[PDB]
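Quick notes on the structure that follows.
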Amino acid sequence: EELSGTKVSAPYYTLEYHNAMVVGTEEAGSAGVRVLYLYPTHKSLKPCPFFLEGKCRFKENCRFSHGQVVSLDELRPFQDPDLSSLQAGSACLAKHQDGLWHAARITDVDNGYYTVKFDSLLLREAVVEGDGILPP
Ligand SMILES: [Zn+2]
């Protein structure tokens with residue numbers, strides 16, 4: 001699989017396009033790709049570590065994501081995140097140590113370092129760089 005590792009924009013079911021990564025080629029009934037969504041917001045969207053190695057017990061009911069098969073025609077280019085609008089008080093999605101993107105709020109911005117206050121009471125304040133923050 002030569003296409004494996006390609007960053008793209010894939011349709012996620014309302015219709016919304018989200019950044020994804022091509023895992024491999026697979027028929028949809030047209031020629032398609034199996035993709036994994038880049039920014040998981042729930043545990044079920046986290047990529048399955050065992051599936052990517054061909055060692056998962058599950059085919060449909062795994063705790064983690066095995067991705068979605070989309071037709072080549074439905075794919076769009078990878079949409080690079082725009083952090084220009086993101087300032088103090090802006091709502092955002094910030095990456096936590098648990099590996100998920102949680103709803104947060106920027107409390108400060110200092111030369112590409114964003115201090116975020118997570119909406120969830122169970123999560124501490126944190127400092128993230130541009131690779132750990134997304135516009136809402
Ligand atoms: Zn799995």
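In the structure tokens, each chain is lettered A, B, ... as it comes, each chain's residues begin at 1, and ligands are numbered from 1 in order of appearance.
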### Task
Enumerate as a list in words the residues within 8 Å of ligand 1, counting only C-alpha atoms and all ligand atoms.
residues 47, 48, 49, 50, 51, 56, 57, 58, 59, 61, 62, 63, 64, 65 and 66 of chain A
### Task
Would you mind listing what lies within 10 Å of residue 21 of chain A as a VMD selection string, with only C-alpha atoms counted and same-chain residues fewer than 4 positions away left out?
chain A and resid 3 to 10 33 to 38 67 78
### Query
Restricting the calculation to only C-alpha atoms, which member of A:119, A:82, A:53, A:74 is positioned closest to residue 133 of chain A?
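Among the listed residues, A:82 lies closest to residue 133 of chain A.
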#### Entry: Distance in Å - atom CA of residue 129 of chain A versus atom CA of residue 42 of chain A
21.2 Å
### Message
I want to know what sits within 8 Å of residue 11 of chain A, based on only C-alpha atoms, with residues of the same chain fewer than 4 positions away left out; could you give that as a ChimeraX atom specification?
### Response
/A:15-18,70,74-75
### Task
Have a look at A:54, A:99, A:40, A:89 and name the one nearest to residue 117 of chain A; count only C-alpha atoms.
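Smallest separation from residue 117 of chain A among the options: A:89.
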### Message
Would you pick out the contacts of residue 116 of chain A at 12 Å or less, using only C-alpha atoms, so that residues sharing its chain but fewer than 2 positions from it are not included, and give the list as an NGL selection string?
### Response
:A and (86-96 or 101-110 or 113-114 or 118-120 or 123-129 or 132-134)
## Note on the structure
From the list A:23, A:98, A:12, A:131, the nearest residue to residue 81 of chain A using only C-alpha atoms is A:131
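Residues of segment 39-74 of chain A that DSSP places in strand (DSSP E), based on the backbone of this structure, are residues 68, 69, 70 and 71 of chain A.
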Please write the residues from the selection above to a file, keeping C-alpha atoms, as an mmCIF file, in the first residue's frame.
data_model
loop_
_atom_site.group_PDB
_atom_site.id
_atom_site.type_symbol
_atom_site.label_atom_id
_atom_site.label_comp_id
_atom_site.auth_asym_id
_atom_site.auth_seq_id
_atom_site.Cartn_x
_atom_site.Cartn_y
_atom_site.Cartn_z
ATOM 1 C CA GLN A 68 -14.027 4.246 7.834
ATOM 2 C CA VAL A 69 -13.943 3.216 4.168
ATOM 3 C CA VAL A 70 -14.639 6.193 1.871
ATOM 4 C CA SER A 71 -14.622 6.217 -1.946
#
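Take atom CA of residue 79 of chain A and atom CA of residue 19 of chain A: the distance between them is 6.6 Å.
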### Message
To one decimal place in Å, what is the distance between atom CA of residue 32 of chain A and atom CA of residue 55 of chain A?
### Response
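So the answer is 22.7 Å.
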